[PDB]
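J.: this one's structure only:
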Ligand SMILES: Cc1cc2nc3c(=O)[nH]c(=O)nc-3n(C[C@H](O)[C@H](O)[C@H](O)COP(=O)(O)O)c2cc1C
Ligand SMILES: O=[N+]([O-])c1cc([N+](=O)[O-])c(O)c([N+](=O)[O-])c1
Ligand SMILES: O=[N+]([O-])c1cc([N+](=O)[O-])c(O)c([N+](=O)[O-])c1
């Protein structure tokens, strides 16, 4: 089956044209240094994947209380900016483009990482268990943020975006997906607020739009994308009312003319009854601009989906871990190395 359309050039907007439709999905590797600064190993890892139309970086924290896993990079200190500059220079020298994925974990943060402070979330809705590979770090009940806390978070997302431009990135993907802070406001399970950030679709969408709008004001809409998870699957329980939240959010997002919206899902064959089907097909039916699909696609099934007008670009995750030369191999009809979790131990 054909993969020809994956090698079409794709104009995102006047600012950015991608050399092909293949994106490297954001992939947390937990290999930044103790100061959360990218390393030379990380520089080389991203550089060798610059055949992608666009790389989305691993989730990168906007400030200290965003941290929930060990050694995830940040971009709030000057040293972190300098480390990322090495990454972006290498990607560009290798002919690529790269966006940072800006991250706050919300209720999934853990105070071990930031000196014992409050975990912040829309509501005091604790998650169960402990940080992966650190069982001693039991999750805690979040403090429900105040409006002033929210404005501080919005400011820090925007400042992080400014830092991203300083570090030489082509843009930002806002992590509004997969159960983390922005997604926590967008679902009823996690957002039990009764103020202007809870209840109705406009209120539950407010935080996401404030973050989007604050970042656009600093770096521009052409360099701003957003990942979303209308279908709850990762650290999030669904609620049928979540449907009307996203029915409102999507047309509002379209007004901002973002570089792209990106689905957050792992296996996109999964359907959500309240969305009337798959996460990607729900978004496609209710959003009319560039859409990045993802989640257990091969080059072949992604190409078919794009030919079927299901989405516009394909993000590839696990196969990009196993194949730095994913794009070259797909282009030249070469067979791919199978992904295995054991490969997570090395940054190649
Ligand atoms: C090891 C690993 C790390 C991931 N880290 C992130 C991340 O930092 N940010 C994010 O939005 N998704 C992350 N994901 C989800 C991927 O971006 C992607 O949606 C998922 O792997 C499904 O795509 P695939 O079938 O091509 O692997 C991660 C997935 C894996 C397997
Ligand atoms: O496995 N992971 O390390 C991982 C990490 C993130 N993240 O933003 O830090 C995700 O969004 C996802 N995810 O939802 O697939 C997975
Ligand atoms: O995307 N992901 O990185 C991811 C990772 C895990 N995991 O093993 O921790 C999952 O269970 C899922 N999941 O089930 O959706 C997704």
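T.: Now that the structure is in, tell me what you want to look at. Numbers count the residues shown, from 1 in each chain. Ligands and ions are numbered 1, 2, ... in the order given.
J.: can you pull the buried residues of stretch 323-340?
T.: By 16 or more other CB atoms under 10 Å, the buried positions in stretch 323-340 come out as 323-327, 329-331. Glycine gets a C-beta too; all of them are placed from N, C-alpha and C.
J.: Run the chain-centre distance for that stretch.
T.: The chain centroid and the centroid of stretch 323-340 are separated by 23 Å under CA atoms, centre = their mean, to the nearest Å.
J.: Tell me which of the buried residues of stretch 323-340 fall in helices.
T.: Of these, the ones assigned to helices by DSSP state H are 326-327, 329-331.
J.: mind giving me a markdown table with those and columns for distance to residue 104?
T.: Formatted as a markdown table, those follow (distance: CB to CB, whole Å):
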| residue | distance to residue 104 |
| --- | --- |
| 326 | 29 |
| 327 | 31 |
| 329 | 35 |
| 330 | 34 |
| 331 | 36 |
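J.: tell me which of those residues is nearest to ligand 1?
T.: Nearest to ligand 1 among those is residue 326, at 10.0 Å by CB to the nearest ligand atom.
J.: The closest one and ligand 2, how far apart?
T.: 18 Å (CB to the nearest ligand atom, to the nearest Å).
J.: Look up how far ligand 2 lies from the residue lying closest to that residue once chain neighbours are set aside.
T.: Nearest residue to residue 326, sequence neighbours excluded (CB to CB, 6 or more residues apart in numbering): residue 320, at 5.1 Å. Note on residue 320: its distance to ligand 2, by CB to the nearest ligand atom, is 14 Å.
J.: Same question for residue 129.
T.: Residue 129 is 15 Å from ligand 2, by CB to the nearest ligand atom.
J.: With adjacent residues omitted, what lies nearest to that residue?
T.: Once flanking residues are discounted, residue 129 sits nearest to residue 139: 6.2 Å by CB to CB, 6+ apart.
J.: returning to that earlier point: secondary structure element for the residue nearest to residue 326?
T.: helix 318-322 (DSSP states H and E).
J.: That helix and ligand 1, are they touching?
T.: Yes. Under the criterion of CB under 6 Å from any ligand atom, ligand 1 is reached by helix 318-322 at residue 318.
J.: coming back round to it: can you tell me which residues contact the residue nearest to residue 326?
T.: 24-25, 27, 49, 52, 326 (CB atoms under 8 Å, 6 or more residues apart in numbering).
J.: How about the secondary structure of residue 99?
T.: Following DSSP: H, G, I helix; E, B strand; the rest coil, residue 99 is assigned to strand.
J.: no wait, residue 50
T.: Residue 50 ends up coil, using three-state DSSP.
J.: if you skip the residues just before and after it, what's nearest to it?
T.: That would be residue 96: by CB to CB, 6+ apart, it lies 2.8 Å from residue 50.
J.: Let me know whether that neighbour touches residue 52 as I believe.
T.: Yes. At 6.3 Å, residue 96 counts as touching residue 52 under the criterion of CB atoms under 8 Å.
J.: circling back to that earlier point, now flag whichever of the ones in helices among the buried residues of stretch 323-340 is closest to ligand 2.
T.: Ligand 2 lies nearest to residue 326 out of those, by CB to the nearest ligand atom, at 18.1 Å.
J.: Please determine how far that closest one is located from residue 317.
T.: Applying CB to CB, to the nearest Å, the value for residue 326 to residue 317 is 10 Å.
J.: any shared contact partners between these two?
T.: The contact sets of residue 326 and residue 317 overlap at residue 24 (CB under 8 Å, 6+ apart).
J.: among the buried residues of stretch 323-340, which two are most distant?
T.: 324 and 331 (13.9 Å; CB to CB).
J.: Can you give me the distance of the residue lying closest to residue 138 once chain neighbours are set aside to residue 282?
T.: Nearest residue to residue 138, sequence neighbours excluded (CB to CB, 6+ apart): residue 130, at 4.8 Å. Counting by CB to CB, the gap between residue 130 and residue 282 amounts to 33 Å.
J.: Of those two, give the one with the bigger neighbour count.
T.: Comparing residue 130 with residue 282 by neighbour count (other CB atoms under 10 Å), the higher total belongs to residue 282, at 22 against 13.
J.: Within range of ligand 2, give me the residues from the stretch 51-200 of the chain.
T.: So the stretch 51-200 of the chain meets ligand 2 at 59, 103, 175, 178, 180 (CB under 6 Å from any ligand atom).
J.: make it 8 Å
T.: Selection of the stretch 51-200 of the chain residues close to ligand 2 by CB under 8 Å from any ligand atom yields 58-59, 68-69, 72, 101, 103, 105, 132, 175, 177-180.
J.: ok, now which ones touch residue 237?
T.: Residue 237 neighbours (CB under 8 Å, 6+ apart): 187, 189.
J.: Thank you kindly, that will do.
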